[PDB]
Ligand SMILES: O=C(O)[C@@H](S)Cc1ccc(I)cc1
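Okay, here we've got a single chain as structure tokens, the form solved without this ligand, with questions on binding and movement later.
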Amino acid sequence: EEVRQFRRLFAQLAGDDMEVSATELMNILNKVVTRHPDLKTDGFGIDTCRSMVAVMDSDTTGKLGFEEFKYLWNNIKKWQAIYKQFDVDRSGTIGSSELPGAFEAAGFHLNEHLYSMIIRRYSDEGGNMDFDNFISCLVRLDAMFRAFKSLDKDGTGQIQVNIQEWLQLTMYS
């Protein structure tokens, strides 16, 4: 069964301390993207992986346990499919005019101002976003959405935080 083998894959990757570190994540992600040249990327750098691990480290162990990893992994599989689905011109990258569609297909409805911010931070000089940038952006985006929602359970449209919560949320990412 697929479930059983994924479980084994995690155990194999996590190794000795049984959790996946940012370095362990980087290695499996780069080794996997290489098998997909149709996904333009300069690779998953260590800093990007430490950001993805932190944002996914809900139990604050510093690394990814099975569930955290499973969630991340499935999200990546889903976003990888979307990435290719919306790269209509086969540039191997998500361009400025393909981004809104890709994000909305991933379940994220942002506005013009937010999209421009995203492009400025995760896209290149030509408004192009490669695969590792696309994936890390969405991992972070999904996480920031979840964080806001969990802090606004009554749906008031606003959250209130002190400096310690603020720094924990913004720095550990």
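Just so we're on the same page, rigid core means the largest C-alpha set that superposes within 1.5 Å between forms. Residue positions are given as counts along the sequence shown, with the first one as 1.
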item	value
Stretch with larger C-alpha RMS deviation in 5 other deposited structures of this protein, core superposed, 150 to 158 versus 17 to 25	150 to 158
142 to 150 versus 118 to 126 - greater average Cα B-factor per the deposited record	118 to 126
Between 105 to 113 and 49 to 57 (mean CA B-factor, as deposited), the higher	105 to 113
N27 by Cα B-factor - lowest, middle or highest third of the modelled chain	middle
Chain third (lowest, middle, highest) by recorded CA B-factor, residue given as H36	highest
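If you look for the form solved in complex with this ligand, you will not find it shown, but the lines that follow are about it.
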| query | finding |
| --- | --- |
| Heavy atom within 4.5 Å of this ligand in the deposited complex - residue from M129, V55, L29, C137 | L29 |
| Listed residue (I119, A106, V33, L141) with a non-hydrogen atom within 4.5 angstroms of this ligand in the deposited complex | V33 |
| Heavy atom of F86 within 4.5 Å of this ligand in the deposited complex | no |
| Any non-hydrogen atom of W73 within 4.5 angstroms of this ligand in the deposited complex | yes |
| Residue contact check: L110 to this ligand in the deposited complex, 4.5 Å heavy atom | no |
| In the deposited complex, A147 touching this ligand (heavy atom, 4.5 Å) | no |
| 4.5 Å heavy atom contact with this ligand in the deposited complex for all of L39, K77 and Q80 | yes |
